[PDB]
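Containing compact mmCIF, C-alpha atoms and all ligand atoms: model_33.txt.
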# COMPACT_ATOMS: atom_id res chain seq x y z
CA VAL D 1 75.59 124.93 119.43
CA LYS D 2 76.48 122.31 116.74
CA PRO D 3 78.48 122.67 113.47
CA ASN D 4 76.64 121.97 110.12
CA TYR D 5 79.46 120.44 108.00
CA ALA D 6 78.06 119.51 104.54
CA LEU D 7 79.86 117.78 101.63
CA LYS D 8 81.40 120.23 99.06
CA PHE D 9 83.87 118.00 97.11
CA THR D 10 84.80 114.33 96.63
CA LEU D 11 88.52 114.09 95.52
CA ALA D 12 89.04 110.90 93.40
CA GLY D 13 92.44 109.72 92.09
CA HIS D 14 94.17 107.41 94.61
CA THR D 15 94.13 103.74 93.41
CA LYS D 16 94.54 102.30 96.95
CA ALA D 17 93.66 103.21 100.57
CA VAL D 18 94.44 106.83 101.50
CA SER D 19 96.56 106.96 104.73
CA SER D 20 96.80 110.70 105.63
CA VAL D 21 95.51 114.12 104.57
CA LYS D 22 96.96 117.44 105.78
CA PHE D 23 96.19 121.11 104.94
CA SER D 24 99.17 123.34 104.12
CA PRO D 25 99.82 125.89 106.92
CA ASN D 26 98.98 128.71 104.41
CA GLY D 27 95.55 126.99 103.91
CA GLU D 28 96.10 126.78 100.09
CA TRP D 29 96.63 123.02 99.63
CA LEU D 30 95.54 119.60 100.85
CA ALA D 31 98.26 116.91 100.58
CA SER D 32 97.19 113.22 100.55
CA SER D 33 99.33 110.09 100.96
CA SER D 34 98.25 106.59 99.97
CA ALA D 35 99.12 102.84 99.93
CA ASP D 36 99.42 103.54 96.12
CA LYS D 37 102.94 105.05 96.91
CA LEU D 38 101.78 108.52 95.73
CA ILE D 39 101.34 111.98 97.27
CA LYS D 40 98.56 114.09 95.67
CA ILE D 41 98.16 117.90 96.03
CA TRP D 42 94.65 119.42 95.80
CA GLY D 43 93.21 122.94 96.00
CA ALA D 44 91.84 123.33 99.58
CA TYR D 45 88.89 125.59 98.49
CA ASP D 46 87.86 124.29 94.99
CA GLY D 47 89.03 120.63 95.48
CA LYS D 48 90.94 120.86 92.12
CA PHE D 49 93.65 118.18 91.55
CA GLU D 50 97.02 120.03 91.31
CA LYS D 51 99.75 117.30 90.91
CA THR D 52 101.05 113.79 91.79
CA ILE D 53 104.41 113.46 93.64
CA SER D 54 106.05 109.99 93.06
CA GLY D 55 109.30 108.25 94.12
CA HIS D 56 108.52 105.96 97.10
CA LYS D 57 108.93 102.24 96.23
CA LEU D 58 106.13 101.14 98.65
CA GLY D 59 102.97 102.63 100.22
CA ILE D 60 103.05 105.92 102.20
CA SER D 61 101.54 105.96 105.78
CA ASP D 62 101.91 109.72 106.57
CA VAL D 63 102.73 113.16 105.07
CA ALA D 64 103.50 116.51 106.79
CA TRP D 65 104.03 120.16 105.67
CA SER D 66 106.92 122.52 106.51
CA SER D 67 105.80 125.78 108.23
CA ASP D 68 106.30 127.87 105.00
CA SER D 69 104.06 125.37 103.00
CA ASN D 70 107.01 124.82 100.57
CA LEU D 71 108.14 121.26 101.62
CA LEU D 72 106.48 117.90 102.35
CA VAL D 73 107.91 114.95 104.25
CA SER D 74 106.45 111.45 103.61
CA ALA D 75 106.89 108.23 105.70
CA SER D 76 106.98 104.96 103.69
CA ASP D 77 106.89 101.17 104.05
CA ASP D 78 110.17 101.35 101.96
CA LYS D 79 111.78 102.25 105.44
CA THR D 80 112.58 105.81 104.20
CA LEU D 81 111.24 109.31 104.59
CA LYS D 82 111.45 111.67 101.60
CA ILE D 83 111.58 115.48 101.72
CA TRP D 84 109.77 117.02 98.70
CA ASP D 85 109.87 120.46 97.05
CA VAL D 86 106.08 120.80 96.43
CA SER D 87 106.53 123.46 93.64
CA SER D 88 108.93 121.21 91.57
CA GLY D 89 107.60 117.80 92.85
CA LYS D 90 111.31 116.83 93.26
CA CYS D 91 112.69 114.61 96.07
CA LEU D 92 115.31 116.81 97.87
CA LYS D 93 116.46 114.09 100.34
CA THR D 94 115.83 110.43 101.26
CA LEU D 95 116.08 109.93 105.06
CA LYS D 96 117.67 106.45 105.56
CA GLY D 97 118.11 104.70 108.94
CA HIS D 98 114.82 103.08 110.13
CA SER D 99 114.97 99.22 109.95
CA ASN D 100 111.17 98.77 109.28
CA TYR D 101 108.12 100.72 107.93
CA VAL D 102 108.14 104.46 108.73
CA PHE D 103 104.57 105.12 109.96
CA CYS D 104 104.41 108.77 111.10
CA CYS D 105 106.32 112.04 110.53
CA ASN D 106 106.12 115.80 111.37
CA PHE D 107 108.21 118.99 110.86
CA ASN D 108 109.02 121.13 113.95
CA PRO D 109 107.68 124.76 113.77
CA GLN D 110 111.14 126.07 112.62
CA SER D 111 111.03 123.17 110.02
CA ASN D 112 114.80 122.60 110.43
CA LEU D 113 113.91 119.15 111.97
CA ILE D 114 111.68 116.18 111.08
CA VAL D 115 110.52 113.58 113.64
CA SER D 116 109.56 110.07 112.51
CA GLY D 117 108.06 106.99 114.19
CA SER D 118 108.62 103.45 112.90
CA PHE D 119 107.48 99.83 113.37
CA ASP D 120 111.18 99.41 114.40
CA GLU D 121 109.94 100.94 117.76
CA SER D 122 112.28 103.97 117.45
CA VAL D 123 111.64 107.70 117.05
CA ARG D 124 114.21 109.52 114.86
CA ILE D 125 115.04 113.26 114.65
CA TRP D 126 116.43 114.32 111.22
CA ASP D 127 118.23 117.44 109.91
CA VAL D 128 116.08 118.80 106.98
CA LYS D 129 119.13 120.56 105.38
CA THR D 130 121.59 117.57 105.31
CA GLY D 131 118.96 114.75 105.44
CA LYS D 132 121.09 113.21 108.27
CA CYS D 133 119.61 111.50 111.34
CA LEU D 134 120.62 113.62 114.43
CA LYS D 135 119.20 111.22 117.10
CA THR D 136 117.60 107.76 117.43
CA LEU D 137 115.30 107.57 120.53
CA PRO D 138 114.78 103.99 121.82
CA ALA D 139 111.26 105.29 122.44
CA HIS D 140 108.92 102.24 122.66
CA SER D 141 108.75 98.40 122.76
CA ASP D 142 106.16 98.13 119.90
CA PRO D 143 105.37 100.06 116.66
CA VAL D 144 105.26 103.90 116.99
CA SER D 145 101.77 105.11 115.86
CA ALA D 146 102.35 108.90 116.07
CA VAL D 147 104.96 111.66 116.63
CA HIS D 148 104.27 115.39 117.05
CA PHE D 149 106.20 118.51 118.08
CA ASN D 150 104.62 121.05 120.46
CA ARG D 151 103.99 124.67 119.40
CA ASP D 152 107.65 125.85 119.76
CA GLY D 153 109.35 122.49 118.87
CA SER D 154 110.98 122.05 122.38
CA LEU D 155 109.06 118.75 122.96
CA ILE D 156 108.09 115.62 121.02
CA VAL D 157 105.17 113.38 121.98
CA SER D 158 105.04 109.76 120.74
CA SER D 159 102.52 106.91 121.05
CA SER D 160 102.93 103.17 120.56
CA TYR D 161 101.07 99.87 120.49
CA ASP D 162 103.04 99.25 123.77
CA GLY D 163 100.29 101.38 125.45
CA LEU D 164 102.55 104.33 126.37
CA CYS D 165 102.60 108.02 125.46
CA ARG D 166 106.08 109.55 126.00
CA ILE D 167 107.17 113.20 125.98
CA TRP D 168 110.76 113.90 124.87
CA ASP D 169 113.06 116.91 125.20
CA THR D 170 113.90 117.62 121.49
CA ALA D 171 117.35 119.20 122.21
CA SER D 172 118.64 116.20 124.32
CA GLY D 173 116.33 113.33 123.17
CA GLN D 174 115.83 112.52 126.92
CA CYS D 175 112.33 111.31 128.09
CA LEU D 176 110.59 113.96 130.30
CA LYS D 177 107.32 112.06 131.01
CA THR D 178 105.46 108.76 130.41
CA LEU D 179 101.59 108.94 130.41
CA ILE D 180 100.25 105.57 131.70
CA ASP D 181 96.69 104.82 132.97
CA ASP D 182 96.15 101.59 135.07
CA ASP D 183 95.34 99.50 131.91
CA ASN D 184 97.47 99.97 128.69
CA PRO D 185 95.43 99.51 125.47
CA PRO D 186 97.46 100.32 122.30
CA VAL D 187 97.84 104.12 121.81
CA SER D 188 97.01 104.60 118.09
CA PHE D 189 97.44 108.43 117.90
CA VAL D 190 98.75 111.43 119.89
CA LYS D 191 99.24 115.15 119.29
CA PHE D 192 99.66 118.34 121.32
CA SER D 193 96.80 120.93 121.68
CA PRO D 194 97.50 124.18 119.76
CA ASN D 195 98.71 125.85 123.04
CA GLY D 196 100.92 122.79 123.88
CA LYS D 197 99.45 122.27 127.43
CA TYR D 198 97.34 119.17 126.53
CA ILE D 199 97.78 115.92 124.57
CA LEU D 200 94.89 114.30 122.62
CA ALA D 201 95.45 110.46 122.66
CA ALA D 202 93.45 107.72 120.82
CA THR D 203 93.41 104.14 122.21
CA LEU D 204 92.23 100.96 120.37
CA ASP D 205 89.30 100.61 122.86
CA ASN D 206 87.06 103.16 120.97
CA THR D 207 88.25 106.03 123.28
CA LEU D 208 89.85 109.49 122.80
CA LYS D 209 91.33 111.22 125.88
CA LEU D 210 92.52 114.81 126.52
CA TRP D 211 95.55 114.76 128.94
CA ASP D 212 97.00 117.67 130.97
CA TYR D 213 100.72 117.35 130.00
CA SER D 214 102.11 119.32 133.05
CA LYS D 215 100.00 117.36 135.67
CA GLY D 216 99.84 113.99 133.77
CA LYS D 217 96.01 113.79 134.34
CA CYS D 218 93.03 112.81 132.04
CA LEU D 219 90.68 115.90 131.76
CA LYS D 220 88.22 114.62 129.06
CA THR D 221 87.08 111.35 127.40
CA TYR D 222 85.31 111.24 123.94
CA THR D 223 83.40 107.99 123.07
CA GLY D 224 80.60 106.70 120.75
CA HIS D 225 82.86 106.11 117.68
CA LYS D 226 84.55 102.83 116.55
CA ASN D 227 88.36 102.51 116.86
CA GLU D 228 89.83 99.05 117.70
CA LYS D 229 92.12 98.32 114.63
CA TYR D 230 93.45 101.43 112.74
CA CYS D 231 95.68 104.39 113.66
CA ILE D 232 92.97 107.04 113.00
CA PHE D 233 94.04 110.71 113.20
CA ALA D 234 92.20 113.11 115.55
CA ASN D 235 92.20 116.93 115.50
CA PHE D 236 91.46 120.08 117.49
CA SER D 237 89.06 122.19 115.36
CA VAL D 238 89.62 125.86 116.50
CA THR D 239 88.31 128.00 113.54
CA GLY D 240 84.68 128.14 114.80
CA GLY D 241 83.48 126.10 117.81
CA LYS D 242 86.14 124.24 119.88
CA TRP D 243 85.53 120.66 118.63
CA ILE D 244 87.42 117.32 118.62
CA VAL D 245 87.35 115.64 115.13
CA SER D 246 88.13 111.95 114.38
CA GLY D 247 87.45 109.34 111.73
CA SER D 248 85.80 106.03 112.72
CA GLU D 249 85.80 102.35 111.61
CA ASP D 250 81.98 102.71 111.01
CA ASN D 251 82.78 104.98 107.97
CA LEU D 252 81.70 108.28 109.73
CA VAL D 253 83.49 111.50 110.79
CA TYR D 254 82.77 112.17 114.51
CA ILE D 255 82.79 115.73 115.93
CA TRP D 256 82.58 116.27 119.73
CA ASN D 257 82.14 119.41 121.81
CA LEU D 258 85.64 119.64 123.49
CA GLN D 259 84.28 120.88 126.88
CA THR D 260 81.00 118.83 127.17
CA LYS D 261 82.28 115.64 125.39
CA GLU D 262 78.87 115.42 123.55
CA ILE D 263 78.86 114.24 119.88
CA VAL D 264 77.68 117.37 117.97
CA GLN D 265 77.82 115.89 114.38
CA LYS D 266 78.42 112.61 112.43
CA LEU D 267 79.46 113.07 108.74
CA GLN D 268 78.01 110.34 106.51
CA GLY D 269 79.31 109.61 102.97
CA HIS D 270 82.47 107.44 103.08
CA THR D 271 82.10 103.69 102.19
CA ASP D 272 85.10 102.56 104.35
CA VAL D 273 87.00 103.38 107.59
CA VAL D 274 87.71 107.12 107.82
CA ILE D 275 91.46 106.82 108.61
CA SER D 276 92.35 110.53 108.42
CA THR D 277 90.67 113.91 109.12
CA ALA D 278 92.31 117.33 108.93
CA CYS D 279 90.98 120.73 110.11
CA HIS D 280 91.72 123.79 107.89
CA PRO D 281 93.97 126.35 109.65
CA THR D 282 91.57 129.38 109.11
CA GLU D 283 88.21 128.19 107.54
CA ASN D 284 85.56 125.80 109.02
CA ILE D 285 86.75 123.12 106.51
CA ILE D 286 87.38 119.41 107.29
CA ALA D 287 89.16 117.00 104.90
CA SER D 288 88.34 113.30 105.48
CA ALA D 289 89.92 110.22 103.77
CA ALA D 290 88.97 106.51 103.64
CA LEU D 291 90.57 103.05 103.13
CA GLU D 292 90.55 100.85 99.99
CA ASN D 293 86.75 100.18 99.54
CA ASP D 294 86.41 104.02 99.15
CA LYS D 295 89.89 105.56 98.38
CA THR D 296 88.36 109.11 98.23
CA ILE D 297 88.98 112.34 100.12
CA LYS D 298 85.91 114.44 101.06
CA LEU D 299 85.99 118.22 101.78
CA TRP D 300 83.29 119.52 104.19
CA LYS D 301 82.25 123.14 105.08
CA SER D 302 80.45 124.50 108.22
CA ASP D 303 79.10 127.95 109.31
CA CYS D 304 80.80 127.47 112.77
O1 LIG S 1 96.41 102.35 110.50
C1 LIG S 1 97.02 101.61 109.82
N1 LIG S 1 97.00 101.78 108.41
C2 LIG S 1 96.29 102.90 107.80
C3 LIG S 1 97.28 103.84 107.10
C4 LIG S 1 98.17 104.60 108.11
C5 LIG S 1 97.40 105.68 108.91
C6 LIG S 1 98.25 106.54 109.87
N2 LIG S 1 97.91 106.94 111.10
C7 LIG S 1 98.87 107.69 111.61
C8 LIG S 1 98.87 108.36 112.99
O2 LIG S 1 100.13 108.89 113.36
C9 LIG S 1 99.88 107.74 110.66
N3 LIG S 1 99.47 107.05 109.60
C10 LIG S 1 97.73 100.42 110.45
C11 LIG S 1 97.46 100.08 111.78
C12 LIG S 1 98.08 98.96 112.34
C13 LIG S 1 98.94 98.18 111.59
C14 LIG S 1 99.20 98.53 110.27
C15 LIG S 1 98.59 99.65 109.71
In structure tokens, how does this file's structure come out?
Amino acid sequence: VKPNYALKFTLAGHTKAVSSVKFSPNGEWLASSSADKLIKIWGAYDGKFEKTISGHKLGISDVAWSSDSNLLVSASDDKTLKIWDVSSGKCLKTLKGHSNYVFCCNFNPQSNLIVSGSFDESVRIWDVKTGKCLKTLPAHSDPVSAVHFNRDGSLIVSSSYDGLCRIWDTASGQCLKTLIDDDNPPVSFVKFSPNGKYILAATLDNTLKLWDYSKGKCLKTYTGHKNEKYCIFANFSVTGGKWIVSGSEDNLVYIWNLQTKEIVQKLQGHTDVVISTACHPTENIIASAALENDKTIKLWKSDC
């Protein structure tokens, strides 16, 4: 079986490259971040522009939702993260400490913590309530491309242009595991599978790999897309068929069968690198976003 994702909405408004799109956990909203220093909120189902959230002094690389869909965190080239009240659009805290661009951020499931990755080669864990840094992990020896909590928040995974994926005990900040192959191409993206047993990792050799966390083994490889330059997000689609979803530097959205590794669909429409894709938490909906020749978000819908 293949999905049949078709274009429903093109979301225009960003004046520079989009960097990241993410659906709210309640499925209501899409949040977008951009080089234009703005966060935009859009209706997930009708594509309707809701509001602009402003305050960062330089471009935003990443945005992430709290579990209750009430807060956003953004990661900025201004070396800060900002926690936002989405309803008011107000900046609640500025997270200060990173010594270079903040690239990537995520809330833990409880949403009492935020994890961030920076070009400063550190991973930081922040208290949402106080806005204070709790820990600095000396995580990598090159820029940190991604950070993610597992399903219960007990673990962090990070990836770096140093070619490593590392798994961290959240409570202690101690490294549990380093995923190395024999080569070490830059790791441009990582996240845990919904059940937290696997890690999906992108490398800048046009390759996605599914890793067994517990064993430290590669189970699956997904190829045929273009990824040698950008930190392109990848997703587990779980609402219909079990797919892998990724953008591509050839301006397409790739969708693979998770088990077979076959490409099942290629979504044509963007006029630049598809940097970010997000899978809706309950509907067969994909959001895709493109760099500065395009600057649009596209919403797609499938019957499976
Ligand atoms: O990908 C780059 N710029 C596009 C915007 C950021 C996309 C992004 N991906 C993630 C994955 O965690 C977070 N944010 C980039 C790559 C190399 C050097 C400078 C910038």
Exercise. Can you tell me, as a ChimeraX atom specification, what residues are no more than 9 Å from residue 254 of chain D when counting all atoms listed in the file, ignoring any on the same chain fewer than 3 positions away?
Worked result: /D:224-225,244-248,263-267
Taking only residues of chain D that have an atom at most 8 Å from an atom of ligand LIG 1 (chain S), what is each one's shortest atom pair and its distance in Å to one decimal, using all atoms listed in the file, in chain and number order, as CSV?
residue,atom,partner,partner_atom,distance
D:17,CA,S:LIG1,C3,7.5
D:18,CA,S:LIG1,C3,7.0
D:19,CA,S:LIG1,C3,4.0
D:20,CA,S:LIG1,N3,6.0
D:34,CA,S:LIG1,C3,7.7
D:35,CA,S:LIG1,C3,7.5
D:60,CA,S:LIG1,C4,7.8
D:61,CA,S:LIG1,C4,4.3
D:62,CA,S:LIG1,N3,4.7
D:103,CA,S:LIG1,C9,5.4
D:104,CA,S:LIG1,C9,4.7
D:105,CA,S:LIG1,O2,7.5
D:145,CA,S:LIG1,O2,4.8
D:146,CA,S:LIG1,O2,3.5
D:147,CA,S:LIG1,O2,6.5
D:188,CA,S:LIG1,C8,6.6
D:189,CA,S:LIG1,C8,5.1
D:190,CA,S:LIG1,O2,7.1
D:229,CA,S:LIG1,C11,6.3
D:230,CA,S:LIG1,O1,3.8
D:231,CA,S:LIG1,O1,3.8
D:232,CA,S:LIG1,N2,5.3
D:233,CA,S:LIG1,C8,5.4
D:275,CA,S:LIG1,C5,6.1
D:276,CA,S:LIG1,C5,7.0
D:291,CA,S:LIG1,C2,7.4
Exercise. Quick one, how far is atom CA of residue 249 of chain D from atom CA of residue 43 of chain D?
Worked result: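 Rounded to one decimal, the two atoms are 26.9 Å apart.
Across the structure, atom CA of residue 270 of chain D and atom CA of residue 75 of chain D are spaced 24.6 Å apart.
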Problem set entry | Separation of atom CA of residue 70 of chain D from atom CA of residue 88 of chain D, in Å and rounded to one decimal | 9.9 Å
For this session: Anything within 12 Å of (120.8, 120.2, 105.5): list those residues as a PyMOL selection string, counting all atoms listed in the file and sticking to the file's coordinates.
Result: chain D and resi 83+92-95+111-114+126-134
